[PDB]
Amino acid sequence: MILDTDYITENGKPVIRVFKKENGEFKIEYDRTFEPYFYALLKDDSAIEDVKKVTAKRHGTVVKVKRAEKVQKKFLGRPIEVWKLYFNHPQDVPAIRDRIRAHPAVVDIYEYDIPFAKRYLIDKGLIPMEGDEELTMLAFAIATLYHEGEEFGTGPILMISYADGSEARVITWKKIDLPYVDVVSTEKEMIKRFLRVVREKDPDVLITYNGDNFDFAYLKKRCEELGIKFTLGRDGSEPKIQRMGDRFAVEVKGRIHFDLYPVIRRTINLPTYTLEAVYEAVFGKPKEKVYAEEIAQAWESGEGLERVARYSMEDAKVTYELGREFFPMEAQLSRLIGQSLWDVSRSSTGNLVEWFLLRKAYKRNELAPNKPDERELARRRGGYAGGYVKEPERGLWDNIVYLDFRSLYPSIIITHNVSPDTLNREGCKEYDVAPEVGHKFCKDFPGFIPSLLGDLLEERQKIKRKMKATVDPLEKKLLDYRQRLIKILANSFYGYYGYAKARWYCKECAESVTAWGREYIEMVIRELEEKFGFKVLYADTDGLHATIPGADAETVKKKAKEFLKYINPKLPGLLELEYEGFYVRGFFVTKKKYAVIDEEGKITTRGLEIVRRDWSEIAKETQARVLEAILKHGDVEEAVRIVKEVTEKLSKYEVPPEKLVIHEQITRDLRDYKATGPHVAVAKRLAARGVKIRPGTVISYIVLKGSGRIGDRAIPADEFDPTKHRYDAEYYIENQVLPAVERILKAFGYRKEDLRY
DNA sequence: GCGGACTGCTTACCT
DNA sequence: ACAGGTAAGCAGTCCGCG
Ligand SMILES: [Ca+2]
Ligand SMILES: [Ca+2]
């Protein structure tokens, strides 16, 4: 099982290190043979010996092309002749590349910004996390003495928790008598002790929650102040911070630093992303939070260190338990994309697709398009037409069937062979022409992406067949992750086509997919209404809600499956319409906003205030109960009484503050905001007090009794006190509870004023 | 000028 | 930022009024 790669420099020459785990043992293979390179397209070969003479200085050393061999490749299908320029050191590439491009003979240069370690993985055809090799993991968390407006790392670490499958222990430097605590000399000894625990346990995976930003960064400042060599590396190195866009990443060589935060953020949609919130989402059990003021008060006083120690233990235990839950699916993602778990666990869906394509491009001798520069990125600023959203038939309706296409965008990309290499090819025989947009895609030969997408669809069939004929419950879960992850990768290619930073960006490809999508959903609706007896209530993009008005359940279901038997043969290649489900009643509010109740009585909610985090629990909960009254039961009168029960309780100040918290995200640097609002105003105040506000930070706030701009009386839910502060009953009634219900109860004929206490 | 209509910024959903 | 389509809060600005 390959874990990761990197390189070290020995006497000016690059040396690859492959971090393997084979036969229950960690190993480092060294490769001194592999050479860095990029490609150059020349106007004429006669110029090669002039471009070989081209030189550059890199930090006191003349960088020169080691050699050049001419190679034949494909660029977007068409064969191309380019010169593969080799260099002695991978760092030679950044120094030389700009000059070799500037040279008058050189039309362009290609594949010049591929990190050496990853160039090796691809070129050698190596896939990390292969085999059935069991890895040992250690989770760890830290507790600190934080004070308001304090610099980072000024406060000493109070406790270092760690947890695995066998134990969960705290390490601190105060006298705490509980079984799992370890009292040491000082802070210095506590840190040196943890290093010895890691050395002794030699774990293959370190697990943190947001360690990339807080935990590891904190320990490096502490170590430097204490003059400690922080040696977790199996090679004996210190953990290295690697910038990752607007955030950092900590790498520990020989081990896998598995930070759950980026994983949880990409996989689960929650109001907040606290350990306590995530643990409750994933496992269902609760976990209480200890606060910084309580922590410092418990240390300075020495009164209640035992509760602060339990929190530190439950942190590490929970982090390990989440570690074990998420690591397996992420290790499959690593195999599929063919990059380290570390890289893939922190990577956006753009980079995952791009890494996959780079690997497959190499296998198929396809030269990779360059990432766009400032002025080319500028040209891709334009948008394009998306999905077709039908204006819904508002109100309550009976006997509703949901029909939708299966993988419509992948179906279209494959069926119509949508790829940049097949776009407007000079002299084909057969063509598919996109409706409205009018781009022509060659049908003579398979396109790069279409072909890869065919491979994935069939690869997925094999896995689902292999899944049926296998008992081992663990092997079944690991193949279930592979097949689910293939599905996601496949559904990412359309979006990737329209992603301006993408190497294989193709607006024409993206446009044509959406256009065909609109043709098929609109054709299905037209057929369903004009020829069959259906009224289409709502249709978004690739799916529709239909009924036959003067008919019953049995009839609507039977006629729907009959329409599938009719239409699917008339639909080309992959394109196939499917019966998702029947619903006894359905309530369509607006575009993107509806609710349905099935045979069992389960209400499915889409788009309504119930699902959004930027609405208070009191409004979401109240709406949930108004909706249930009108779907589940037939009681429009019950719905009105619950509106009264909510509003009256709010004006008496009875509804508890937990149900008043509104969650909005900070999505840019606080200075980039052009318009202020409750969450931004709250976040700017926290910033002035020296609280860390990075993009992704969720602001949780409560509105206090007052008038005028909401932001002026918006404070963190943390700092809410019934002692001094008083919550705005009027606001939560007229701005939250009433708007949420009016949407549901507007249809029957109630105005806001008629639902208030 | 008042006060409601309107609209840009912004978020978070849907597919 | 993997895409565009969409509704709606907030806080400014707009604009109709007798
Ligand atoms: Ca549905
Ligand atoms: Ca078909």
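Per the deposited record, determination of this structure is attributed to X-ray crystallography, with the resolution reported as 2.80 Å.

**Q** Explain the overall build of chain A here, please?
**A** Regarding its fold elements, chain A presents 22 helices and 28 strands. Its C-alpha radius of gyration of 30 Å places chain A within 12% of the 27 Å reference for a compact globule of 757 residues. Taking the principal axes of the C-alpha coordinates as reference, chain A spans close to 85 × 80 × 55 Å. The contacts of chain A with a sequence gap of at least 6 include a subset with a gap of at least 24, amounting to 65%.

**Q** Where do I start with the sheet that holds strand 28 (residues 714-716) in this structure?
**A** Within a beta sheet, neighbouring strands are joined by backbone hydrogen bonds and run either parallel or antiparallel to one another. One open sheet holds the three strands; their spatial order is 26-27-28, and the pairing between them is antiparallel. A strand with exactly one partner marks an edge of an open sheet, and here the two such strands are strand 26 (662-665) and strand 28. Ignoring which end each strand starts from, the neighbouring axes of this sheet average 45° apart. When strand 27 (residues 698-703) meets strand 28, the two strands line up antiparallel, connected through three bridges.

**Q** Is there a simple way to think about the domain arrangement of chain A in this case?
**A** The accessible area lost on association of the parts is a frequent measure of interface size. Here chain A is partitioned into domain 1 (1-130 + 348-368), domain 2 (131-347), domain 3 (369-446 + 500-585), domain 4 (447-499) and domain 5 (586-757). On a C-alpha basis, the centroid separation for the pair domain 2 and domain 4 is 33 Å. Looking at side-chain class alone, the side of domain 2 that touches domain 4 contains five nonpolar, one polar and two charged residues.

**Q** I'm lost on the sheet that holds strand 14 (residues 205-208) in this one. Help?
**A** The six strands lie next to each other as 13-12-11-10-14-17, forming an open sheet whose pairing is mixed. Here the strands that pair on one side only, and so sit at the sheet edges, are strand 13 (181-183) and strand 17 (256-259). Put simply, the sheet's adjacent strands are angled 25° from each other on average, direction ignored. In this sheet, strand 12 (residues 168-172) lies alongside strand 11 (residues 157-163) in antiparallel orientation, the contact comprising five bridges.

**Q** Explain the pattern of salt bridges here, please?
**A** A pair can form between side chains of opposite charge whenever their charged atoms are brought close. The partner of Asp164 in a salt bridge is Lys201, with the nearest N and O atoms 2.5 Å apart. Taken together, the positions of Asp164 in the loop between strand 11 and strand 12 and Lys201 in helix 4 (residues 187-201) put the pair 37 residues apart, joining distant regions of the chain. Across the pair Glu376 and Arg380 runs a salt bridge, and its minimum N-O distance is 3.2 Å. If you follow the salt bridges from partner to partner, you end up with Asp6, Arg17, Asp235, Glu251 and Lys253 in one network.

**Q** Sorry, what's going on with the environment of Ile733 here?
**A** Along the chain, the position of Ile733 falls in helix 22 (residues 729-745). Sequence spacing of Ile733 and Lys649 is 84 residues, and the spatial spacing of their C-alpha atoms is 10.0 Å.

**Q** Would you take a moment to explain the side chain of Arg346 for this structure?
**A** Mapped onto the secondary structure, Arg346 falls in helix 10 (residues 341-346). Among the polar contacts listed, one links the side chain of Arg346 to the backbone oxygen of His257, at a separation of 2.7 Å. Among the polar contacts made by the side chain of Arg346, one reaches the main-chain carbonyl oxygen of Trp342 at a distance of 3.0 Å. Beyond its immediate chain neighbours, meaning those up to four positions away, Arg346 contacts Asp212, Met244, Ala249, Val250, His257, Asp259 and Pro262.

**Q** Just checking my understanding: could you explain the pairing of strand 27 for this structure?
**A** Each regular strand carries side chains that alternate between the two faces of the sheet. Pairing between strand 26 and strand 27: four bridges, direction antiparallel. Residue pairing in the sheet places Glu664 in a bridge with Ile699 of strand 27.

**Q** So what exactly am I meant to see when it comes to the environment of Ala163 here?
**A** With respect to the helices and strands, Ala163 occurs in strand 11. Sequence separation of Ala163 and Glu314 is 151 residues, and the distance between their C-alpha atoms is 9.1 Å. Setting aside residues up to four positions removed in sequence, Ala163 forms contacts with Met137, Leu138, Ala139, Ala168, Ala316, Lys317 and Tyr320.

**Q** What is the right way to read the state of the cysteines from this model?
**A** Here a disulfide denotes one covalent bond, and it connects the sulfur atoms of two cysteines. Between the sulfur atoms of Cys428 and its disulfide partner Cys442 the distance amounts to 2.0 Å. Its torsion about the S-S bond being -130°, the disulfide of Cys428 and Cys442 is classed as left-handed. Of this pair, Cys428 sits in the loop between helix 13 (408-415) and strand 19 (431-433) while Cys442 sits in strand 20 (residues 440-442), and the two are 14 residues apart along the sequence. Two residues, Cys506 and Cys509, share a disulfide whose sulfurs are 2.1 Å apart. Linking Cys506 and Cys509, the disulfide has an S-S dihedral of approximately 65° and is accordingly described as right-handed.

**Q** Explain the packing of aromatic side chains to me, please; I cannot follow it from the model alone.
**A** Aromatic ring pairs are defined here through the distance separating the ring centres and the angle between the ring planes. A ring pair is formed by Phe140 and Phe216, whose centres lie 5.0 Å apart and whose planes are at 80°; its orientation type is edge-to-face. Linking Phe140 in strand 10 (residues 137-144) with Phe216 in helix 5 (residues 215-226), this pair joins segments that are 76 residues apart in sequence. Ring geometry for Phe152 and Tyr218: centres 5.1 Å apart, planes at 75°, overall edge-to-face. Of this pair, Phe152 sits in the loop between strand 10 and strand 11 while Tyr218 sits in helix 5; the two residues are 66 residues apart in sequence, bridging distant segments of the chain. Clustering of aromatic rings is evident, with ring pairs tying together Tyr7, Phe34, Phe116 and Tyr120. Against the face of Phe582 rests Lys557, its NZ or CZ located 4.8 Å from the ring centre. Stacked on the ring of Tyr579, the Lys or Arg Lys561 has its end atom at 4.5 Å from the ring centre.

**Q** Hey, could you run me through the packing of helix 7 (residues 275-282) against helix 9 (residues 305-337) in this one?
**A** Relative orientation and spacing of two packed helices are given, respectively, by the angle between their axes and the distance between those axes. Packing of helix 7 against helix 9 brings their axes to within 11 Å, and their N-to-C directions diverge by 45°. Between helix 7 and helix 9, the angle is such that the two are oblique. The hand of the helix 7/helix 9 crossing is left-handed. Of the residues in helix 9, those touching helix 7 at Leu275, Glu276, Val278, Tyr279 and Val282 are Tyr311, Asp315, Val318, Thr319, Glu321, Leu322, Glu325 and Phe326. Of the residues assigned to the contact of helix 7 with helix 9, the class counts are eight nonpolar, one polar and four charged.

**Q** Honestly, the packing of helix 20 (residues 636-651) against helix 22 in this entry has me stumped. Any pointers?
**A** Interhelical geometry of helix 20 versus helix 22 gives an angle of 170° and a closest axis separation of 10 Å. In terms of orientation, helix 20 and helix 22 fall into the roughly antiparallel class. In this structure, helix 20 contributes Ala639, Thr647, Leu650 and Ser651 to the contact, and helix 22 contributes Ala729, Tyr732, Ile733, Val737, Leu738 and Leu745. Looking at the contact of helix 20 with helix 22 residue by residue, the classes come out as eight nonpolar, two polar and no charged.

What counts, and where the lines are drawn
Residues numbered from 1 in each chain as written, not as in the entry; some residues may be left out. Chains lettered and ligands numbered in written order. Heavy atoms only, no water. Residues with missing side-chain atoms left out of burial classes, pairs and counts. Helix = DSSP H or I, 4+ residues; strand = E, 2+ residues; numbered from the N terminus. Rg over C-alpha atoms; globule rule 2.2 N^0.38 Å. Contact = heavy atoms within 4.5 Å. Pairing = 2+ DSSP bridges. Axes fitted to C-alpha atoms, helices over the stretch in contact; angles between N-to-C directions. Domains from an automatic or database assignment. Nonpolar A, V, L, I, M, F, W, Y, C, P; charged D, E, K, R; others polar. Salt bridge = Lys/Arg side-chain N within 4 Å of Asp/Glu carboxyl O. Polar contact = N/O pair within 3.5 Å; in protein donor to acceptor, adjacent residues only side chain to side chain. Disulfide = S-S within 2.5 Å. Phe/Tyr/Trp six-rings, centres within 6.5 Å; stacked < 30°, edge-to-face > 60°. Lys NZ or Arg CZ within 6 Å of the ring centre and 35° of its normal. Parallel < 35°, antiparallel > 145°, perpendicular 65-115°, else oblique. Left-handed = near helix turned anticlockwise from the far one by under 90°.

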